[PDB]
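> Input upload-v4.tsv, format and content: TSV, C-alpha atoms.
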```tsv
chain	number	residue	atom	x	y	z
A	1	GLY	CA	-2.98	23.23	53.35
A	2	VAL	CA	-3.53	25.19	50.09
A	3	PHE	CA	-2.68	28.63	48.58
A	4	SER	CA	-3.75	29.82	45.02
A	5	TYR	CA	-2.89	32.47	42.34
A	6	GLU	CA	-4.32	33.24	38.83
A	7	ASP	CA	-4.27	35.51	35.69
A	8	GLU	CA	-6.45	35.86	32.50
A	9	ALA	CA	-5.39	36.57	28.88
A	10	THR	CA	-7.36	37.32	25.61
A	11	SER	CA	-7.12	36.45	21.88
A	12	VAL	CA	-8.89	36.89	18.50
A	13	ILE	CA	-8.44	33.06	18.25
A	14	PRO	CA	-11.71	31.18	19.20
A	15	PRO	CA	-11.65	28.60	22.11
A	16	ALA	CA	-11.59	25.29	20.10
A	17	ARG	CA	-8.59	26.54	18.00
A	18	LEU	CA	-6.77	27.94	21.10
A	19	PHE	CA	-7.39	24.62	22.82
A	20	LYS	CA	-5.73	22.43	20.30
A	21	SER	CA	-2.94	24.98	19.97
A	22	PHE	CA	-2.14	25.22	23.72
A	23	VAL	CA	-2.16	21.33	23.88
A	24	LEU	CA	0.60	21.36	21.17
A	25	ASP	CA	2.49	24.26	22.94
A	26	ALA	CA	2.23	23.01	26.60
A	27	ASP	CA	5.79	21.72	26.95
A	28	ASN	CA	6.60	24.89	24.92
A	29	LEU	CA	5.32	27.10	27.85
A	30	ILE	CA	8.44	26.22	29.90
A	31	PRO	CA	11.11	27.90	27.64
A	32	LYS	CA	8.74	30.70	26.39
A	33	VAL	CA	7.50	31.96	29.86
A	34	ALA	CA	10.43	30.82	32.08
A	35	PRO	CA	13.49	30.91	29.70
A	36	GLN	CA	16.47	31.32	32.12
A	37	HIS	CA	14.99	29.30	35.01
A	38	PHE	CA	14.34	25.88	33.42
A	39	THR	CA	17.12	24.04	31.50
A	40	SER	CA	15.07	21.26	29.82
A	41	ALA	CA	11.77	19.35	30.00
A	42	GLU	CA	11.82	15.61	29.17
A	43	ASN	CA	9.16	12.89	28.63
A	44	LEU	CA	9.72	10.28	31.42
A	45	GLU	CA	6.75	7.82	31.36
A	46	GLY	CA	3.47	7.85	29.33
A	47	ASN	CA	2.59	8.82	25.73
A	48	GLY	CA	1.83	12.61	25.91
A	49	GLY	CA	-1.88	12.53	26.94
A	50	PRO	CA	-2.89	13.41	30.56
A	51	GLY	CA	-1.41	10.86	33.00
A	52	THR	CA	2.07	11.29	31.36
A	53	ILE	CA	5.00	12.23	33.70
A	54	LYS	CA	7.85	14.53	32.54
A	55	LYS	CA	11.36	14.70	34.12
A	56	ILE	CA	12.33	18.40	34.34
A	57	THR	CA	15.80	20.05	34.72
A	58	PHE	CA	16.29	23.57	36.21
A	59	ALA	CA	19.11	26.13	36.69
A	60	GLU	CA	22.72	25.56	37.83
A	61	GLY	CA	24.14	26.86	41.16
A	62	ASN	CA	26.64	24.34	42.71
A	63	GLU	CA	23.92	21.66	42.07
A	64	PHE	CA	21.40	21.77	39.16
A	65	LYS	CA	17.70	21.65	40.23
A	66	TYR	CA	15.38	18.65	39.65
A	67	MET	CA	11.59	18.28	39.32
A	68	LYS	CA	8.93	16.05	37.72
A	69	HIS	CA	5.72	17.36	36.07
A	70	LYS	CA	2.66	15.40	34.90
A	71	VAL	CA	-0.15	16.31	32.53
A	72	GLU	CA	-3.26	15.67	34.70
A	73	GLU	CA	-6.50	16.09	32.62
A	74	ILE	CA	-7.70	17.68	29.31
A	75	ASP	CA	-11.35	18.41	28.24
A	76	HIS	CA	-12.90	20.04	25.11
A	77	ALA	CA	-16.56	20.18	26.36
A	78	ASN	CA	-15.53	22.80	29.00
A	79	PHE	CA	-12.15	23.63	27.25
A	80	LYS	CA	-9.57	22.86	30.02
A	81	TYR	CA	-5.93	21.72	30.30
A	82	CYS	CA	-4.18	20.61	33.54
A	83	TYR	CA	-0.71	19.63	34.86
A	84	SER	CA	1.06	19.43	38.26
A	85	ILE	CA	4.63	19.18	39.65
A	86	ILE	CA	4.64	15.68	41.29
A	87	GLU	CA	8.20	15.76	42.81
A	88	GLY	CA	11.40	17.88	43.10
A	89	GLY	CA	13.83	19.77	45.37
A	90	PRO	CA	11.71	22.97	44.76
A	91	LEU	CA	8.75	21.11	46.44
A	92	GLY	CA	10.59	19.02	49.01
A	93	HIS	CA	10.74	21.44	52.02
A	94	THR	CA	6.91	21.90	52.52
A	95	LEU	CA	4.91	20.90	49.38
A	96	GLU	CA	3.24	17.73	48.09
A	97	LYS	CA	2.41	19.34	44.70
A	98	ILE	CA	1.76	22.58	42.75
A	99	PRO	CA	-1.18	21.93	40.34
A	100	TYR	CA	-2.05	24.22	37.40
A	101	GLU	CA	-5.45	24.76	35.68
A	102	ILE	CA	-5.91	26.38	32.25
A	103	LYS	CA	-9.22	27.43	30.56
A	104	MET	CA	-9.90	28.42	26.97
A	105	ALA	CA	-12.85	30.56	27.88
A	106	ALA	CA	-15.84	32.08	26.01
A	107	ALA	CA	-15.46	35.83	25.29
A	108	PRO	CA	-18.47	38.27	24.98
A	109	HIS	CA	-17.65	38.27	21.23
A	110	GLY	CA	-18.28	34.65	20.07
A	111	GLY	CA	-15.45	34.72	17.44
A	112	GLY	CA	-12.61	35.30	20.03
A	113	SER	CA	-11.51	33.86	23.42
A	114	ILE	CA	-10.21	34.52	26.91
A	115	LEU	CA	-7.31	32.23	28.05
A	116	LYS	CA	-7.33	31.83	31.86
A	117	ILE	CA	-4.23	30.59	33.78
A	118	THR	CA	-4.33	29.20	37.41
A	119	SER	CA	-1.81	27.73	39.93
A	120	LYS	CA	-2.39	26.20	43.42
A	121	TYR	CA	0.20	25.19	46.05
A	122	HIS	CA	-0.51	22.17	48.34
A	123	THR	CA	1.45	21.13	51.49
A	124	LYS	CA	3.22	17.79	52.27
A	125	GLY	CA	1.16	15.71	54.75
A	126	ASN	CA	-0.90	17.98	57.09
A	127	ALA	CA	1.91	20.67	57.08
A	128	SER	CA	1.77	24.51	56.87
A	129	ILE	CA	3.24	26.39	53.82
A	130	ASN	CA	6.11	28.92	53.99
A	131	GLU	CA	4.90	32.50	53.75
A	132	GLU	CA	8.25	32.66	51.91
A	133	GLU	CA	6.89	30.11	49.33
A	134	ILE	CA	3.61	32.13	49.14
A	135	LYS	CA	5.55	35.37	48.49
A	136	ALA	CA	7.92	33.65	46.04
A	137	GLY	CA	4.99	31.56	44.65
A	138	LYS	CA	2.55	34.30	43.45
A	139	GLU	CA	5.39	36.64	42.38
A	140	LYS	CA	7.34	34.11	40.39
A	141	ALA	CA	3.76	33.56	39.13
A	142	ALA	CA	3.34	37.20	38.00
A	143	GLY	CA	6.70	36.43	36.24
A	144	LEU	CA	5.18	33.35	34.50
A	145	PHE	CA	1.64	34.62	33.81
A	146	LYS	CA	2.57	38.12	32.48
A	147	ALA	CA	4.88	36.32	30.03
A	148	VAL	CA	1.89	34.06	29.17
A	149	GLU	CA	-0.08	37.35	28.83
A	150	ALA	CA	2.48	39.34	26.78
A	151	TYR	CA	3.23	36.17	24.74
A	152	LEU	CA	-0.54	36.07	23.80
A	153	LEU	CA	-1.31	39.84	23.69
A	154	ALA	CA	1.95	40.84	21.90
A	155	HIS	CA	1.62	37.96	19.31
A	156	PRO	CA	1.60	39.98	16.02
A	157	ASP	CA	0.51	37.25	13.52
A	158	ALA	CA	-2.81	36.21	15.24
A	159	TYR	CA	-4.90	37.28	12.14
A	160	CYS	CA	-3.75	33.93	10.52
```
Represent the structure from my file as structure tokens, please.


Amino acid sequence: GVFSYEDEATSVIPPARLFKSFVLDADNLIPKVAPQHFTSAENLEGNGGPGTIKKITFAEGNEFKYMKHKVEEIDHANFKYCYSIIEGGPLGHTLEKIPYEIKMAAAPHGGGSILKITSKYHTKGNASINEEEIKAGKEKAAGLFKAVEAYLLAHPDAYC
């Protein structure tokens, strides 16, 4: 069982530069688009290319929250980046995984780019998702992706 949600940003930066930039700022997404919510991200197993698992720590509240991420695939020839949450208390109730898909995307002007952001939410075994995890899911995701957007769009120094 699967649900999905998405958003798309823009930049004066061309795709191949924004590519290589987002790759180096991927673990940096966590504090810069969800600052209060996560507490740390940590490299668990693998060398930082796709395949690599991260151990993730998230907010206090009688018991601090636990997850694991993994980088999943990266391509230049169609300019994509991918990760998923593999494990955690935030999945455990109904979800196998929440994958993410990112595109550095051709703009109608060839000198700039679009930066597309995607998330998808997949159930544990043959189960059904919570409508409460849909409603939380997309809307926490407007929280994430409008801070990806206003991070990108409100970046003042992009002429460099």

> Quick check, in Å to one decimal: how far apart do atom CA of residue 138 of chain A and atom CA of residue 9 of chain A lie?

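We find that atom CA of residue 138 of chain A and atom CA of residue 9 of chain A lie 16.7 Å from each other.
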
> As a ChimeraX atom specification, please: the residues near residue 110 of chain A (cut-off 12 Å, only C-alpha atoms, same-chain neighbours under 3 positions excluded).

/A:11-16,105-107,113-114

> For segment 89-94 of chain A, find every residue with an atom within 6 Å (counting only C-alpha atoms), except residues of its own chain fewer than 6 positions away, and show them as an MDAnalysis selection string.

chainID A and resid 123:124 129

> Save out the residues we just selected, C-alpha atoms, as a short mmCIF file (atom, residue, chain, number, x, y, z; two decimals), in the coordinates of the input.


```cif
data_model
loop_
_atom_site.label_atom_id
_atom_site.label_comp_id
_atom_site.auth_asym_id
_atom_site.auth_seq_id
_atom_site.Cartn_x
_atom_site.Cartn_y
_atom_site.Cartn_z
CA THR A 123 1.45 21.13 51.49
CA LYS A 124 3.22 17.79 52.27
CA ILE A 129 3.24 26.39 53.82
#
```

> Which residue out of A:98, A:68, A:61, A:153 has the minimum interatomic distance to residue 134 of chain A when all atoms listed in the file are used?

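The answer is A:98, which sits nearest to residue 134 of chain A.
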
> Tell me, as a list in words, which residues lie within 12 Å of residue 35 of chain A, counting all atoms listed in the file; anything in the same chain fewer than 3 positions away does not count.

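Listed by chain and then number, they are residues 28, 29, 30, 31, 32, 38, 39, 40, 41, 58, 59, 143, 144 and 147 of chain A.
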
> What does the file look like for those residues with C-alpha atoms, as a PDB file, keeping the file's coordinate frame?


```pdb
ATOM      1  CA  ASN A  28       6.600  24.890  24.920  1.00  0.00           C
ATOM      2  CA  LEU A  29       5.320  27.100  27.850  1.00  0.00           C
ATOM      3  CA  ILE A  30       8.440  26.220  29.900  1.00  0.00           C
ATOM      4  CA  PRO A  31      11.110  27.900  27.640  1.00  0.00           C
ATOM      5  CA  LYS A  32       8.740  30.700  26.390  1.00  0.00           C
ATOM      6  CA  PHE A  38      14.340  25.880  33.420  1.00  0.00           C
ATOM      7  CA  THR A  39      17.120  24.040  31.500  1.00  0.00           C
ATOM      8  CA  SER A  40      15.070  21.260  29.820  1.00  0.00           C
ATOM      9  CA  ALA A  41      11.770  19.350  30.000  1.00  0.00           C
ATOM     10  CA  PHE A  58      16.290  23.570  36.210  1.00  0.00           C
ATOM     11  CA  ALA A  59      19.110  26.130  36.690  1.00  0.00           C
ATOM     12  CA  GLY A 143       6.700  36.430  36.240  1.00  0.00           C
ATOM     13  CA  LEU A 144       5.180  33.350  34.500  1.00  0.00           C
ATOM     14  CA  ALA A 147       4.880  36.320  30.030  1.00  0.00           C
TER      15      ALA A 147
END
```

> Which one is closest to residue 158 of chain A: A:25, A:112, A:62, A:34? Count only C-alpha atoms.

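Distance minimum relative to residue 158 of chain A lands on A:112.
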
> At most 9 Å from (5.5, 29.4, 42.3), file frame, only C-alpha atoms: which residues, as a list in words?

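Selection result: residues 5, 98, 119, 120, 121, 133, 134, 135, 136, 137, 138, 139, 140, 141 and 144 of chain A.
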